[PDB]
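Enquirer: Below you will find the structure I want to go over with you.
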Amino acid sequence: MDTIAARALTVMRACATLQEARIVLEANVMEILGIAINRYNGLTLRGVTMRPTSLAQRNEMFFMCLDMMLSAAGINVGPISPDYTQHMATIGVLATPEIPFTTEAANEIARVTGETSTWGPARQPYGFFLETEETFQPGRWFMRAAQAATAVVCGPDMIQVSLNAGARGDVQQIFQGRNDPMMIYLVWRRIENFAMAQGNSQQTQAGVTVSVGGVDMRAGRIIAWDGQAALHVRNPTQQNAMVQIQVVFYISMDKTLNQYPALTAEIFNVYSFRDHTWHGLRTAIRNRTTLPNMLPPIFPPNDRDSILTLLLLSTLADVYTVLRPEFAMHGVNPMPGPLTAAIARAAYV
Amino acid sequence: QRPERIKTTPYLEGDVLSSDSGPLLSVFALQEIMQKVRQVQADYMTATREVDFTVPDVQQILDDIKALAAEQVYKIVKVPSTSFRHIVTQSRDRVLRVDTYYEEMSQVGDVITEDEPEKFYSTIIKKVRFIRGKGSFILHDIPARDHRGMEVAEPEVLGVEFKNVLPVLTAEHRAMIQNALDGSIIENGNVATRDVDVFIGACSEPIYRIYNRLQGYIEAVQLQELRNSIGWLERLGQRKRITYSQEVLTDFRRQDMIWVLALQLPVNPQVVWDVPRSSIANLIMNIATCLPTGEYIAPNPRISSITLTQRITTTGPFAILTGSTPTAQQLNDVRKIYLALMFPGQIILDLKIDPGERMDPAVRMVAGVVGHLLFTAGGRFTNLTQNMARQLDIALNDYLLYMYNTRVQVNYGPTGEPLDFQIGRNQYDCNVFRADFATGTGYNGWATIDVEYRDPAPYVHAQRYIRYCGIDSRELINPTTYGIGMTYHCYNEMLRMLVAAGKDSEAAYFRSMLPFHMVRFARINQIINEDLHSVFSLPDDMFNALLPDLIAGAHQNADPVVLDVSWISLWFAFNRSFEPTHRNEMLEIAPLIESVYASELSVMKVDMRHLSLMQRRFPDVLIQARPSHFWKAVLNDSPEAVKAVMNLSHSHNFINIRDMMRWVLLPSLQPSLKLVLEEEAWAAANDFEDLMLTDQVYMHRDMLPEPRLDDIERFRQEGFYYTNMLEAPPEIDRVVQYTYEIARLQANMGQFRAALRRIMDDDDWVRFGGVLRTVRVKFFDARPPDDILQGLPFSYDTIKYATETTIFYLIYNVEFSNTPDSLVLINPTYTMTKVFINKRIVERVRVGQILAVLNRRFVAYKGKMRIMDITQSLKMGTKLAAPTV
Amino acid sequence: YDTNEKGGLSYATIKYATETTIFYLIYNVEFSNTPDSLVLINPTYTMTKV
């Protein structure tokens, strides 16, 4: 199954080699394309050249890549163009062990399937306390009634604890709740000058200590906090104190944009406009998928199919670039003018 | 021109020894195996049925099979067979039609008797075959006559004989019929172009059935089917590296040509390998078809001795290597060796000892070593016999131990078993070069992979592809790793040992020989898994099974052929390399031959199948049965060539009842035009009445219908025909059922007549079930023979059942000189036997009704068109313009 | 490009040339010539260009 994708990939990547005639094909490439194109034509009954030039020759080749790309992704776009028609049989060509694939493509897929099928530790994208409904002014004193120590949120990755003179207590519970963090990296500082309930300035005296799981930790240093250990703050000083604990960053088993090498750039490439034909095409393709038809998904996908589809579409994009195919689509109206950032902007709904 | 044959350096360019070919070896093989047996059986006390181990002509048998592709089953006519006839009575208003079919069928096979079951079997086959033949129509160019703006069929293309009737017809009846004649038109008629003519003509049902099924085939099986099959060859072409033509197959079909393909190409591997005791025959076929032609090459004389000065030259440690080949007596003995390894574990090797010819014992040494690095006893498949190997280890051992120079430290092992010691100033086990079949630790590919499954195979029995010493033929085309080091593990270890122990002087010979050795092997591999994997190749299943089954001594259906060699031969085999010249001409047509064999094969299986059921269908008819009987009668009516392919090994004199039963019950078939026709005609055969033999035979004392003649002119009636064939059977409650056994007993006791009489007197009926009886139909003008009227369904000379049973039709004719009661007799005339068929054989008809027979469809190819069987165009070197999957 | 009918099938053969000729056709004229003389109702075609 992965083999199928590797093939369809190799083919496309190979077609991209066909820049503008003045080329002497890499012997290796010839062999591959020939076998593929051959088999494809034997199932498509279409006339694909190994070295296109006319346009109609180019279209045919693109269409091939398209048919393969879709088949490798397991997509059925249906009646989207009068000029193109998807042959479902394309899958049978790709399933035939008679077509080879590059080491490049093999590893490329192996990586996607490899990671996509399991989990791993990864630096998360945003601030820890991002999904919070309430926030308090930073540096401002706040003690909940009947408490000697009161920890609270003041930002996306910020919390501050209000300690009374001589007061102490555990804080970890403010962090817990958000499903699953594997290791939170902290750094706490003393709020040397903070606002009182009334507005007057107040100083935090040197001596306030913070200990994780018992062991005492310095201020301004990063800490490997397991999220479970006791986050204990003490105030041996004879004055009010306020310390800020910062979640510099944390790691979790949620998929980030670093699951697959430079995935970002690929996605960019996929979502890029190029022209109305490409745009509309790429749109119509993702309409079959769980992916946003024309705007970068907020949350990085985590399933084989998604990642895969993107890679294929990304490559098929480059193929579109080199081949310069020209055809129609239902609902697409090509504006021939030179094309500006303006015209592009407008295209996105 | 010469792809890999390109000889870069003189090192490979040696002398020519001999040369072999497909048909050459294929014969030789058989020969050797046959001598084997005579020489033993004739030699020792033997006890078995006599068999004549003859070596048949492989070429002529093959050539005969290639000749089969020609023989077509379909027969092109311009007019259909009659089908119906009319027999005129005295009457002028009524006639009787007859379904010709039934008459012909009546007299097809021999009469049926409970005595000869074999007779019975063939009798059936002939009958079935008959049907299939009577049904393979084509109807090309029909007699289309013009009449009133319509094109109608000429009465000749219809299915009736009515000319007899015409003269007795009333102006009215005549007219009616005439309209019916110019009634049946050519449907499409006024169209031109057309291609086909559709009319109405009459036809006997069973026959029609075949005509139709056929017609369908020729229209269903076109371009695509052909396309696929050719593509298959086109694919196998690449596997066999075929030199291709500049031509291509245009799937252009002319508007004149209707194609008739009779065999499809992707052949079912199993049908070939299902044949019991085939192994040998198959193998030989594999040789005779795929094994190319080539010559054995000698190494370079410079590999051993080299001249430094006119006076100074080096001498190879083996000066004995100047021995002129021990006649063909042993040259052939070498051919055995090559052929043996060229066929994995299919052929095993063994010593052979003539107590005569005294050889120098040194021969054993060399051969001990040689054998070790040229034969594969690897735990993957094995070339040698268990005892064969021991003798080589003993040869090796005995000779590692023969020190013609200063002796080295031999530190023996506790076991008396040869090769326990550790000769060498650095020790080194010689125990490694022992002989484990599950490991292959001594001989070839001891640390190598020689069975490499890889790539989908164009054949499918075998997907495997052999790498002796892990050398892919590719290393020839383009090297893999230098020329210095080519060494595979074993040959390498062999060297190390030769050094540590005895001496380098010899190890140097093998060191320099090494490349020559591997080259020979690389070519061998190429030849095996490329040049000759055919249907007869042999499934990986059985291949893998060979080794372990050999160790346990199972009962491998594919018992490997054990060939006996000669100590000397090893040296000779080692110093010859074989380099292929031309691929045998049989190769490009091979697949086709295969299809022919396989398809003809299956057809037999089918026939036999249904025949086995026969015994259970009517256990009373064939008491003395035995499967051999039908399978013998089937083998009888089927093509010689095929039979001979099976009997190459002389299997036919060994295949036990059980063995054959299994093959009938096996369910792997190869479709063919012949196949579908046979099966379809065969199906209609299941009726039995359509074969003309019934269980419905009764006895009932009956009077001969003597009528009153008051109005003679009123005998334009049905001419009052009589007939013992029943309109419908009697009420089942009024019938005394009789069995073979019941009748038998009563008769042996001498009570049968009595009982029979009583039943007759009581006006009751008696049926004779269990047995079939051939049924015949005769017609009479007057008082037929008593042996017919009062004819009985059994002999009384013990009561012998069956017999022929004649269904007569007695027509009453009378002149005006007949008195009303003139037909009466003081005493009645009796008729006993009566039959029932539930098939309208002879039927009373009006006159205007005569033409009602028409009925049947009918499609006839217009005269313009040409029917051609594209069946022999299945050569390998043909490529198509439309690539296919 | 050739087409051959065998059996029923009909095969075809397509070969590409190996030789190519470049030529220089010098125009030679005389005084008895009319401005018209060199023009013909229908053109004369040349297919190979290198």
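Enquirer: Hey, could you check the range B:857-877 for residues that are within 12 Å of another protein chain (Cβ to nearest Cβ) and of a type outside the set (A, V, I, L, M) and say which is nearest to B:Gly189 (Cα to Cα)?
Expert: As a first pass, look at the range B:857-877 and keep what is within 12 Å of another protein chain (Cβ to nearest Cβ): B:865-875, B:877.
Narrowing the set further to residues that are of a type outside the set (A, V, I, L, M) leaves B:866, B:869, B:871-873, B:875, B:877.
Values: B:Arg866: 20, B:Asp869: 28, B:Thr871: 33, B:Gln872: 36, B:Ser873: 36, B:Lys875: 41, B:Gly877: 45 Å.
Only one residue fits best here, namely B:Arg866.
Enquirer: Here's something else I'd like to know. Residue under question is A:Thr10, and the condition is that it be assigned to a loop (DSSP other than H, G, I, E, B) and out of contact with any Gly (no Cβ under 7 Å at 6 or more places or on another chain); does it hold? Quick ask: steps written out before the conclusion?
Expert: Working: assigned to a loop (DSSP other than H, G, I, E, B): no; out of contact with any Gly (no Cβ under 7 Å at 6 or more places or on another chain): yes.
It is false that A:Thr10 is assigned to a loop (DSSP other than H, G, I, E, B) and out of contact with any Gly (no Cβ under 7 Å at 6 or more places or on another chain).
Enquirer: Which numbered condition trips up B:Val842, out of (1) touching a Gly at 6+ places or on another chain (Cβ under 8 Å); (2) under 30 Å from B:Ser136 (Cα atoms); (3) not charged (D, E, K, R)?
Expert: (1)
Enquirer: May I pose another question? Report yes if some residue within the range B:291-304 is over 31 Å from the mean Cα position of the chain (by Cα) and hydroxyl-bearing (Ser, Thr, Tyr); otherwise report no.
Expert: yes
Enquirer: Taking the conditions exactly as written (assigned to a loop (DSSP other than H, G, I, E, B) and either within 14 Å of another protein chain (Cβ to nearest Cβ) or β-branched (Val, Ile, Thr) (or both)), does C:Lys49 satisfy them or not? Don't jump to the end; show me each part of the working.
Expert: Working: assigned to a loop (DSSP other than H, G, I, E, B): yes; either within 14 Å of another protein chain (Cβ to nearest Cβ) or β-branched (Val, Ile, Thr) (or both): no.
In short, no.
Enquirer: Just a yes or no: is a residue in the range A:42-63 within 31 Å of the chain's Cα centre (by Cα), within 25 Å of A:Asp305 (Cβ to Cβ) and buried (at least 19 other Cβ atoms within 10 Å of the Cβ)? Step through it out loud before you land on a result.
Expert: Taking the range A:42-63 as the starting set, the residues that turn out to be within 31 Å of the chain's Cα centre (by Cα) are A:61-63.
Still in the list and also within 25 Å of A:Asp305 (Cβ to Cβ): A:62-63.
Pick out the ones that are also buried (at least 19 other Cβ atoms within 10 Å of the Cβ) and you get A:62-63.
Checked the range A:42-63: at least one residue is within 31 Å of the chain's Cα centre (by Cα), within 25 Å of A:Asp305 (Cβ to Cβ) and buried (at least 19 other Cβ atoms within 10 Å of the Cβ).
Enquirer: Let me spell it out: the conditions are (1) assigned to a loop (DSSP other than H, G, I, E, B); (2) among the hydrophobic types (A, V, I, L, M, F, W, C); (3) buried (at least 17 other Cβ atoms within 10 Å of the Cβ), and B:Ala447 meets all of them except one. Which number is the exception?
Expert: The one condition B:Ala447 does not meet is (3).
Enquirer: Going residue by residue through the range B:310-325, is there one that turns out to be assigned to a helix (DSSP H, G or I) and either closer than 19 Å to B:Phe578 by Cα or more than 14 Å from every other protein chain (Cβ to nearest Cβ) (or both)?
Expert: Here is the first cut: in the range B:310-325, the residues assigned to a helix (DSSP H, G or I) are none.
Within the range B:310-325 (the criterion being assigned to a helix (DSSP H, G or I) and either closer than 19 Å to B:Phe578 by Cα or more than 14 Å from every other protein chain (Cβ to nearest Cβ) (or both)), the answer is no, since none of the residues qualifies.
Enquirer: A follow-up question, please. Can you tell which of C:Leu9, C:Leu25 is hydrophobic (A, V, I, L, M, F, W, C), within 14 Å of chain B (Cβ to nearest Cβ) and out of contact with any helix residue (DSSP H, G or I) (no Cβ under 7 Å at 6 or more places or on another chain)?
Expert: Details: C:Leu25 fails: within 14 Å of chain B (Cβ to nearest Cβ).
Sole residue among the options that is hydrophobic (A, V, I, L, M, F, W, C), within 14 Å of chain B (Cβ to nearest Cβ) and out of contact with any helix residue (DSSP H, G or I) (no Cβ under 7 Å at 6 or more places or on another chain): C:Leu9.
Enquirer: Inside the range B:338-370, can you point out the residues that are surrounded by fewer than 20 Cβ atoms within 10 Å (Cβ to Cβ) and either among the small types (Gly, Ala, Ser) or touching a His at 6+ places or on another chain (Cβ under 6 Å) (or both)?
Expert: B:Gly356, B:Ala362
Enquirer: Looking at this structure, is B:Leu400 touching a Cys at 6+ places or on another chain (Cβ under 8 Å) and of a type in the set (A, V, I, L, M, F, W, C)? Give the steps one after another, and end with the answer.
Expert: Working: touching a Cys at 6+ places or on another chain (Cβ under 8 Å): yes; of a type in the set (A, V, I, L, M, F, W, C): yes.
It is true that B:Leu400 is touching a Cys at 6+ places or on another chain (Cβ under 8 Å) and of a type in the set (A, V, I, L, M, F, W, C).
Enquirer: Pick from B:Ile799, B:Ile826: which is farther than 30 Å from B:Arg94 by Cα, out of contact with any helix residue (DSSP H, G or I) (no Cβ under 7 Å at 6 or more places or on another chain) and not polar (S, T, N, Q)?
Expert: Working: B:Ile799 fails: out of contact with any helix residue (DSSP H, G or I) (no Cβ under 7 Å at 6 or more places or on another chain).
Testing whether each residue is farther than 30 Å from B:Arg94 by Cα, out of contact with any helix residue (DSSP H, G or I) (no Cβ under 7 Å at 6 or more places or on another chain) and not polar (S, T, N, Q) leaves just B:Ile826.
Enquirer: Would it be correct to say that B:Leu756 is outside the structural domain of B:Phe688 (by CATH), aliphatic (A, V, I, L, M), surrounded by fewer than 16 Cβ atoms within 10 Å (Cβ to Cβ) and under 53 Å from the mean Cα position of the chain (by Cα)?
Expert: No, not satisfied.
Enquirer: Could you tell me which numbered condition B:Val859 fails, if it satisfies all but one of (1) touching a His at 6+ places or on another chain (Cβ under 9 Å); (2) under 30 Å from B:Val98 (Cβ atoms); (3) among the β-branched types (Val, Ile, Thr); (4) surrounded by fewer than 20 Cβ atoms within 10 Å (Cβ to Cβ)?
Expert: The one condition B:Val859 does not meet is (1).
Enquirer: Okay, moving on. Taking the conditions exactly as written (in a loop (DSSP other than H, G, I, E, B), more than 14 Å from chain A (Cβ to nearest Cβ) and buried (at least 20 other Cβ atoms within 10 Å of the Cβ)), does B:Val847 satisfy them or not? It would help to see each step written out before you state the result.
Expert: Details: in a loop (DSSP other than H, G, I, E, B): yes; more than 14 Å from chain A (Cβ to nearest Cβ): yes; buried (at least 20 other Cβ atoms within 10 Å of the Cβ): yes.
Considered against the rule, which asks whether it is in a loop (DSSP other than H, G, I, E, B), more than 14 Å from chain A (Cβ to nearest Cβ) and buried (at least 20 other Cβ atoms within 10 Å of the Cβ), B:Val847 comes out as yes.
Enquirer: Something else: Here are some conditions: (1) part of a loop (DSSP other than H, G, I, E, B); (2) within 14 Å of chain B (Cβ to nearest Cβ); (3) not aliphatic (A, V, I, L, M). C:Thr44 meets all but one. Which one does it not meet?
Expert: (2)
Enquirer: Return only the number of the condition from (1) within 14 Å of chain B (Cβ to nearest Cβ); (2) assigned to a helix (DSSP H, G or I); (3) touching a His at 6+ places or on another chain (Cβ under 9 Å) that A:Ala36 does not satisfy.
Expert: It is condition (3) that A:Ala36 fails.
Enquirer: Could you check, for the range B:146-167, whether at least one of its residues is of a type outside the set (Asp, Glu), in contact with an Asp or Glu (Cβ under 6 Å, 6 or more places away or on another chain) and more than 24 Å from B:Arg844 (Cβ to Cβ)?
Expert: So far as the range B:146-167 goes, yes, one or more of its residues are of a type outside the set (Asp, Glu), in contact with an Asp or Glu (Cβ under 6 Å, 6 or more places away or on another chain) and more than 24 Å from B:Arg844 (Cβ to Cβ).
Enquirer: Let me ask you something else. Would you point out which residue out of B:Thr884, B:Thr833 is within 14 Å of chain A (Cβ to nearest Cβ), of a type in the set (S, T, N, Q) and surrounded by 15 or more Cβ atoms within 10 Å (Cβ to Cβ)? First the steps, then the outcome.
Expert: Details: B:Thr833 fails: within 14 Å of chain A (Cβ to nearest Cβ).
Within the list B:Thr884, B:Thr833, the selection yields B:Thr884.
Enquirer: Just to be sure, is B:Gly378 more than 34 Å from the chain's Cα centre (by Cα), over 16 Å from B:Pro548 (Cα atoms) and small (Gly, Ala, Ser)? I'd like the intermediate steps shown before the answer.
Expert: Numbers: more than 34 Å from the chain's Cα centre (by Cα): yes; over 16 Å from B:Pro548 (Cα atoms): no; small (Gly, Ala, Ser): yes.
No: the conditions fail for B:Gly378.
Enquirer: Being charged (D, E, K, R) and in contact with a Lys or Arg (Cβ under 9 Å, 6 or more places away or on another chain) is the filter here; which residues of the range A:79-105 pass it? Outline the logic, then answer.
Expert: Our first condition is that a residue be charged (D, E, K, R); within the range A:79-105, this holds for A:83, A:98, A:104.
The answer is A:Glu98, A:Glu104.
Enquirer: I need the full set of residues from the range A:76-103 which are within 14 Å of another protein chain (Cβ to nearest Cβ) and either basic (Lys, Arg) or not in a loop (DSSP other than H, G, I, E, B) (or both), in order please.
Expert: A:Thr90, A:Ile91, A:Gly92, A:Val93, A:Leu94, A:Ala95
Enquirer: Only one of A:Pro336, A:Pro292 is closer than 23 Å to A:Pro125 by Cα and over 12 Å from the mean Cα position of the chain (by Cα). Can you tell me which?
Expert: A:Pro292
Enquirer: Among the candidates B:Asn525, B:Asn529, single out the residue that is buried (at least 18 other Cβ atoms within 10 Å of the Cβ) and within 20 Å of B:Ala590 (Cβ to Cβ). Spell out how you get there, then give the answer.
Expert: Values: B:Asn525 fails: within 20 Å of B:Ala590 (Cβ to Cβ).
Matching residue, one of B:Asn525, B:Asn529: B:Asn529.
Enquirer: Out of the range B:7-33, which residues are within 26 Å of the chain's Cα centre (by Cα) and surrounded by 16 or more Cβ atoms within 10 Å (Cβ to Cβ)?
Expert: Kept after step one, since they are within 26 Å of the chain's Cα centre (by Cα), are these residues of the range B:7-33: B:21-33.
Listed by number, the residues that qualify are B:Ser21, B:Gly22, B:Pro23, B:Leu24, B:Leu25, B:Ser26, B:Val27, B:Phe28, B:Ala29, B:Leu30, B:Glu32, B:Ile33.
Enquirer: Can you say whether B:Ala462 is within 14 Å of chain A (Cβ to nearest Cβ) and either charged (D, E, K, R) or within 30 Å of B:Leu236 (Cβ to Cβ) (or both), as far as the supplied structure shows?
Expert: Numbers: within 14 Å of chain A (Cβ to nearest Cβ): no; either charged (D, E, K, R) or within 30 Å of B:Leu236 (Cβ to Cβ) (or both): yes.
Spelling it out, it is not the case that B:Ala462 is within 14 Å of chain A (Cβ to nearest Cβ) and either charged (D, E, K, R) or within 30 Å of B:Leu236 (Cβ to Cβ) (or both).
Enquirer: Ok, one more. Being in contact with a strand residue (DSSP E or B) (Cβ under 7 Å, 6 or more places away or on another chain), in a loop (DSSP other than H, G, I, E, B) and more than 14 Å from every other protein chain (Cβ to nearest Cβ) is the requirement here; does B:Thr803 meet it?
Expert: Details: in contact with a strand residue (DSSP E or B) (Cβ under 7 Å, 6 or more places away or on another chain): yes; in a loop (DSSP other than H, G, I, E, B): yes; more than 14 Å from every other protein chain (Cβ to nearest Cβ): yes.
Answer is yes for this residue.
Enquirer: What helices (runs of 4 or more DSSP H) lie completely within the range B:189-279 and have 3 or more residues being within 14 Å of chain C (Cβ to nearest Cβ) and either out of contact with any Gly (no Cβ under 7 Å at 6 or more places or on another chain) or buried (at least 19 other Cβ atoms within 10 Å of the Cβ) (or both)? Break it down into steps so the answer makes sense when it comes.
Expert: On the way: elements: B:205-220, B:223-239, B:269-274.
Those helices (runs of 4 or more DSSP H) span B:223-239.
The values are calculated or read from the model by the stated rules, or taken from the named source; no laboratory instrument gave them. Ideal geometry is used to build each Cβ from the backbone, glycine not excepted, and the neighbour counts take in all protein chains shown.
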